[PDB]
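Enquirer: Protein chains in written order, with the entry's author numbering: chain J, 2 to 210, 218 to 391; chain I, 2 to 210, 218 to 348, 350 to 388, 394 to 407; chain H, 2 to 210, 217 to 395. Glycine included, every Cβ here is placed at the ideal spot set by N, Cα and C.
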Amino acid sequence: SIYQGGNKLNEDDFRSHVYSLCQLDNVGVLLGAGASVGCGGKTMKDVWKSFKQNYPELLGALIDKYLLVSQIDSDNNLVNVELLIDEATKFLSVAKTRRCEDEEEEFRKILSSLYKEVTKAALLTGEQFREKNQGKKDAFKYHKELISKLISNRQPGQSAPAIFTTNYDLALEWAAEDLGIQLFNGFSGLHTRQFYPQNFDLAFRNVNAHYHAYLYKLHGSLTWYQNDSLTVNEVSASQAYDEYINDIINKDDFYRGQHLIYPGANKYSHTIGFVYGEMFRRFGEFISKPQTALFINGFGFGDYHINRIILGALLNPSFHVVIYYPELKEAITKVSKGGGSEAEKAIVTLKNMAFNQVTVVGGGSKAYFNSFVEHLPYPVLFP
Amino acid sequence: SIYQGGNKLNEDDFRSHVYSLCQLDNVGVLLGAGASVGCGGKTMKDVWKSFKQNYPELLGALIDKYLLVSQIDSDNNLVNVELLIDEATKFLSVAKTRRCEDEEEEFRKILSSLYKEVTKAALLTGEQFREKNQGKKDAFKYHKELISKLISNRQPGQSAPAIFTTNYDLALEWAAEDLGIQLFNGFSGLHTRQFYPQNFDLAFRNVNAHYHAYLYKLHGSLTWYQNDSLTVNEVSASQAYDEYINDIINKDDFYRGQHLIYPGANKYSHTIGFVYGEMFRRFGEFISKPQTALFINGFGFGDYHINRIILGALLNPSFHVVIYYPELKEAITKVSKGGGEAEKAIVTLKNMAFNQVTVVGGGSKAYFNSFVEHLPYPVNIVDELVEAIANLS
Amino acid sequence: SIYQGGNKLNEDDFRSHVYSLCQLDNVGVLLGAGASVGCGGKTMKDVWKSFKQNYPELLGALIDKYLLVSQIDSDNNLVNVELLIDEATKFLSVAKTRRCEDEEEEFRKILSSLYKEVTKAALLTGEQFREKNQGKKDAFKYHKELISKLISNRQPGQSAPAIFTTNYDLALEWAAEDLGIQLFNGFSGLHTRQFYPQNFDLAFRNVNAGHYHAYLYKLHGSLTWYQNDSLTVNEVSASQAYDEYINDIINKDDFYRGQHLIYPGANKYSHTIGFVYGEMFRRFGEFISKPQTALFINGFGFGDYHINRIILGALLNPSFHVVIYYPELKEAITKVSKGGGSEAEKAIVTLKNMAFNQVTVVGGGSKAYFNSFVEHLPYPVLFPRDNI
Ligand SMILES: NC(=O)c1ccc[n+]([C@@H]2O[C@@H](COP(=O)([O-])OP(=O)(O)OC[C@H]3O[C@@H](n4cnc5c(N)ncnc54)[C@H](O)[C@H]3O)[C@H](O)[C@H]2O)c1
Ligand SMILES: NC(=O)c1ccc[n+]([C@@H]2O[C@@H](COP(=O)([O-])OP(=O)(O)OC[C@H]3O[C@@H](n4cnc5c(N)ncnc54)[C@H](O)[C@H]3O)[C@H](O)[C@H]2O)c1
Ligand SMILES: NC(=O)c1ccc[n+]([C@@H]2O[C@H](COP(=O)([O-])OP(=O)(O)OC[C@@H]3O[C@@H](n4cnc5c(N)ncnc54)[C@H](O)[C@@H]3O)[C@@H](O)[C@@H]2O)c1
């Protein structure tokens, strides 16, 4: 079931492995959109099904008139969402430059509707999204426990654990609100929100002689809507519910990148998204140290950029990965018949690297999120 | 040779200021595209206009049926023809999806014609192209002297030199390599030289108790290509002249599809925007180090996205700019006539009391030789080889 | 049949040996075509068999006219060609000096049609030899494992191992391509690779908060060398190679005059022009002259006079080691005791018989193959399983 160079390893020793590794200077975790699922979020499949069910006419027109995809893919549920958005953007630019009014009218709906649905799927609660007592909710036991656990495996003189989320929902300040923790992200002041690099150099300390982590918003923000005038601002999850999200979701007007969000492969057809560059440069600088550690969970395999940086400097004897993939046996079986898509071949390459710096563990029920939470032990004063 | 209000100024002060600024731990130089115009260089605009004039039969379809450009815009040289072809790169897929065969043929014919037109005049080596390191020719001998100025100005225990090239050809790079120094162009290797972002933040030293330089190509490459390797492969020129450049040189009408990686195309494909984004990131954020002096020359500020990026990159408070305008008198006369956006903006910038901006309007003093001479300097090798070789019968 | 002073040793002793030798200041390895038979390639035996029964004129002349060989040796297939190559060089020298004409032509033909076959036995793949991403085949997994193990075992304060190749192909560089490994073999360059004596002290560093390499010392030159009048070796890929300098096999015949640089011949002074070769030997001598340094030999065919003489003179280093994995150990000793022996087999027999415990000869047979050698080297273990 588990193959590591033809040998066998036990999780009992891996417990001590994690416990000792976390004591190393660098500590972090590289998650994805899988975490949102644990809190009740909607996966890509659900969003695609909703879009295809709520707009049958567009699907039929695409199937018949132009045949960008075949009905076989739809029958087998092998439809990708990002490719559709990128195709829509390129066709929209073609229309805008060719001045085809009807194509512009029929394509200024696909983009606007797609982004409206993306935003609607971003929220994890619905009408409760405007309700307060956000920390007090009982569905965030995951984040509430995990933030403290990451910060509470330390003794004075160590670093700040880093949590990686790649979802629109502002779901990380909520557990922080519950526990009073401050997941810093380089912003100061409530009434006004702005970015400053120096703000990243603040850490709590006992004066008469704290628990917090740090934030990398790789997947943009839900309310940093750039007005194309050199501005960035944030509006609380209950205040933006009426100001501009309501206007752009109910006024049925022309759609642009009103609030910056990138769910499609086409990234820099609009070149004013600077969170991309800053966050990715910081991510690149992170692995530049020895005695390094990191973990992965709740993340798929479709990220060209991050998954190039991953193996970029896995040629260090201190950077590691503890990567799980429940659908690894199926991927291997599919590849054995000739090969798969980008994801299958990428995971095969990741698993087949001849190093011991990496290891893969599976088994199905044994690799659940609750199991990942339970693996972390309680710190011991006298080991 | 800087004028401000009609009073003469000495070049010694500017030379001393430049020398003082060059001592910073973060310094670099840039070479303009027009500097090579005097050494047989060519611009894509000239070939584009020559081809469009020679074949006006297709012109009607290019604008009326596609509207990527307007006749006024095409004639005014206010277009990004590279972006025109890049947009054709997706028009091809649009037609294929729509089964628009006639437009597909039109796009393919124009792409191949423009490719061959640009290629045939860019060989500059005849049938001996595949010979490696053909920079030994005396045509660029003078340029070598310039490089000699970058060796005696580097003191021990100082930041290593940085090299930035603007052209997309290796004519200057072949010479630079022939001088006998190790330069990295973002890749490492001999047979299959690939892209690796780690090398952007790594240096070299001696493990036991030293000089490294970085070559930054600002126009991609004529060598960078993609043989379905899912990566970027770079090699020497010979196998390039045998693999895919041959047909681009010889075949009149021959294209295959979205396989190669140049010259800033296929961005919508995931496989080519990644490296370009990495290079843009490093270019824009390399000035993040303290004690940095940056010089930008030859940029028209005519691109919306690049203009916005430059405006946002004002974070560095130690930026200096020098602008050479060979037609300053013409701009002044035009302003005197109540006419002329770019000309008015540059005139307004030149007509303000800001000492950190340098303007040169000598006209005939802006030549390449004058610029080389302005740089500071300290203050028959092969002749006998031919005789010795000839003596031995 | 295992005998070491009438006693035996357990696996723990060998494991401690491997751990200590790897953890010493320096590590050693030497690679030859010995066990390169199980990868689907070809051996020189088939090449010689084809050569004898495909060129009747020269074989008949040698048997009858030249008398430079013996029929019995050819029948037994135990003859050597390297001595014949040296004899060809000497014959060409004398014939050129004396101003003979026909013999000049015949010996030029012999030399060129022998160089052709010398280069012809370094493909192992066929037509697909000319492509990129060459490190994507089943024949390099063991090479990848060995290189990763040899490059990983250098904790802080420990340098990269030195590797010796002694064949024609570049399988190891091709295993290097696939893992971001650049096995610095004495040449660093893209357009022109020139020998810089100071290139041995260059490596990557984590300047602002990949350190993999070795020293693949080449003492046979390289198949990928083409010698120009400029006294420099610009270097090419496998496909560029197949294109521009080894297409003479089919189109043309016997027009090769000192382009690529590889010599099976025993003599090292007919090819005296090179002086960097003495620098390679000097690097070997620097290797021999340090304590806690070990050399491992797998693939050496007992065919040197300079390097092996340095081995004898250097084995007197209190820590230099010399070990060979050669299954035919009992047979050679028995044959020597029976009055046989080869040109150099007596030398290895003596080195086994040398009274130095610094050198120990260990066999086993099936466990002494290149696969076992690759599997032997373990990875560094800092965080993983420990003791106490
Ligand atoms: N604005 C910015 O600052 C910025 C910068 C860079 C990137 N981004 C965005 O960041 C990237 C975030 O990644 P993403 O949104 O494209 O997708 P993703 O990688 O976050 O998720 C892909 C999906 O795979 C699913 N999945 C999990 N396990 C799976 C399995 N075993 N098999 C199959 N599927 C599985 C998950 O439900 C889901 O994560 C976006 O690509 C990109 O738009 C934004
Ligand atoms: N790493 C790299 O290889 C790299 C780096 C930077 C740019 N590029 C190139 O840039 C990317 C896109 O091209 P681009 O639009 O940024 O550059 P560009 O030079 O093609 O366009 C810049 C703008 O300047 C305007 N302009 C005004 N006056 C001009 C003049 N006298 N001469 C030239 N232009 C004048 C043009 O209208 C417009 O092209 C492509 O990848 C590639 O073509 C590549
Ligand atoms: N003149 C020069 O400048 C120059 C250049 C390179 C090497 N050299 C040197 O040249 C000498 C020969 O080169 P090498 O050491 O690389 O050769 P090598 O390492 O390739 O020798 C191994 C080969 O396998 C053996 N072999 C193959 N088939 C056999 C068979 N059927 N039966 C028995 N034995 C068989 C042969 O002994 C042959 O030597 C070396 O001492 C040394 O490398 C000199």
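1) With a threshold of 8 Å on Cβ separation, who are the neighbours of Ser153 of chain J within its own chain once the five nearest residues in sequence on each side are excluded?
2) When the Cα atoms are used, what is the spatial distance from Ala221 of chain H to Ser114 of chain J?
3) Compute the beta-carbon to beta-carbon distance between residue 214 of chain H and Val369 of chain H, rounded to the nearest angstrom, for a pair I have assumed lies under 8 Å.
4) Tell me where the beta strand (DSSP E) around residue 216 of chain J begins and ends.
5) Run through chain H and tell me which residues come within less than 9 Å of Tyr197 of chain I, C-beta to C-beta.
6) If you follow the beta strand (DSSP E) that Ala204 of chain H is in, where does it begin and where does it stop?
7) Name the DSSP bridge partner or partners of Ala163 of chain J?
8) Got a sec: does ligand 2 put a non-hydrogen atom nearer than 6 Å to the Cβ of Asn207 of chain H?
9) Looking at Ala34 of chain J and ligand 1, is the gap between the Cβ and the nearest heavy atom below 6 Å?
10) For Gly35 of chain I, return the contacting residues in chain J, with the cut-off set at a CB-CB distance below 7 Å.
11) Which of helix, strand or coil does DSSP assign to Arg16 of chain I?
12) Would you say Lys121 of chain H touches ligand 3, meaning its beta carbon is less than 6 Å from a heavy atom?
13) Which residues of chain I have a Cβ atom closer than 7 Å to the Cβ of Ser189 of chain H, listed in chain order?
14) Whole-angstrom Cβ separation of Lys374 of chain I and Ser2 of chain I, contact assumed at under 8 Å?
15) Got a sec: is the Cβ-Cβ distance from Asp103 of chain H to anything in chain I below 7 Å?
16) Quick one: what's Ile331 of chain H bridged to in DSSP?
17) Can you name the start and end residues of the beta strand (DSSP E) that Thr367 of chain I belongs to?
18) Determine the extent of the alpha helix (DSSP H) in which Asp65 of chain I is found, giving its start and end residues.
19) For the candidate residues I:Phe201, I:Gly306, I:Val208, whose alpha-carbon lies nearest to that of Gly320 of chain J?
20) So, is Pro162 of chain J buried or exposed, given that buried needs 16 or more other C-beta atoms within 10 angstroms?
21) Quick one: which residues of the stretch 276-297 of chain J get their C-beta closer than 8 Å to a C-beta of chain H? List them in chain order.
22) Is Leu226 of chain I near ligand 2 - that is, is its Cβ less than 6 Å away from at least one heavy atom of it?
23) For a contact meaning CB atoms closer than 8 Å, what does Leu203 of chain I contact in chain H?
24) Can you find a CB in chain I that lies within less than 7 Å of the CB of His220 of chain H?
25) Tell me whether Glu83 of chain I, by its Cβ, gets closer than 6 Å to a heavy atom of ligand 2.
26) Write down the C-beta distance between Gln299 of chain J and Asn27 of chain J rounded to the nearest angstrom, noting that I regard them as a contact closer than 8 Å.
27) Using the beta-carbon of each residue, which ones in chain J are nearer than 7 Å to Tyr386 of chain H?
28) Using only the alpha-carbon positions, how far apart do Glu105 of chain I and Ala89 of chain J sit?
29) Using the beta-carbon of each residue, which ones in chain I are nearer than 8 Å to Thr193 of chain H?
30) Cα separation between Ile182 of chain H and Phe380 of chain H?
31) If you scan the stretch 84-130 of chain H from start to end, which runs of the alpha helix (DSSP H) of 4 or more residues do you find wholly inside it?
32) Quick one: which chain J residues come within Cβ less than 7 Å of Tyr67 of chain I?
33) Which term fits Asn11 of chain I, buried or exposed, when burial requires 16 or more other beta carbons within 10 angstroms of its beta carbon?
34) Should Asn364 of chain J be labelled buried (16 or more other beta-carbon atoms within 10 Å of its own) or exposed?
35) Just mark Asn8 of chain J as buried or exposed, buried being the case when its beta carbon has 16 or more other beta carbons within 10 Å.
Expert: Taking the definition as stated:
1) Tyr219, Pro387
2) 57 Å
3) As shown, the structure holds no coordinates for residue 214 of chain H; chain H passes over it, running from 210 to 217.
4) Because chain J is numbered 210 and then 218 with no intervening positions, residue 216 of chain J cannot be located in this model.
5) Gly181, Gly217
6) 204-207
7) Note: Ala163 of chain J sits in a beta bridge opposite J:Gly29, J:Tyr222.
8) no
9) Because some heavy atom of ligand 1 lies under 6 Å away, the Cβ of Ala34 of chain J counts as near it: yes.
10) Those do not exist, as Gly35 of chain I stays about 26 Å from chain J at its closest Cβ, beyond 7 Å.
11) Three-state DSSP puts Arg16 of chain I in a helix.
12) no
13) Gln183
14) 5 Å
15) no
16) In DSSP, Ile331 of chain H forms a bridge with H:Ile304.
17) 366-369
18) 60-65
19) I:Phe201
20) buried
21) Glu293, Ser296, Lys297
22) yes
23) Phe205, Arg206, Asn207, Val208, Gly217
24) no
25) yes
26) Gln299 of chain J to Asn27 of chain J, Cβ: 7 Å. Contact.
27) Residues of chain J passing the Cβ test: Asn364.
28) 20 Å
29) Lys133, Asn134, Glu178, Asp179
30) 20 Å
31) The qualifying runs are 103-121.
32) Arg99
33) exposed
34) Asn364 of chain J is buried by the Cβ-count criterion.
35) exposed
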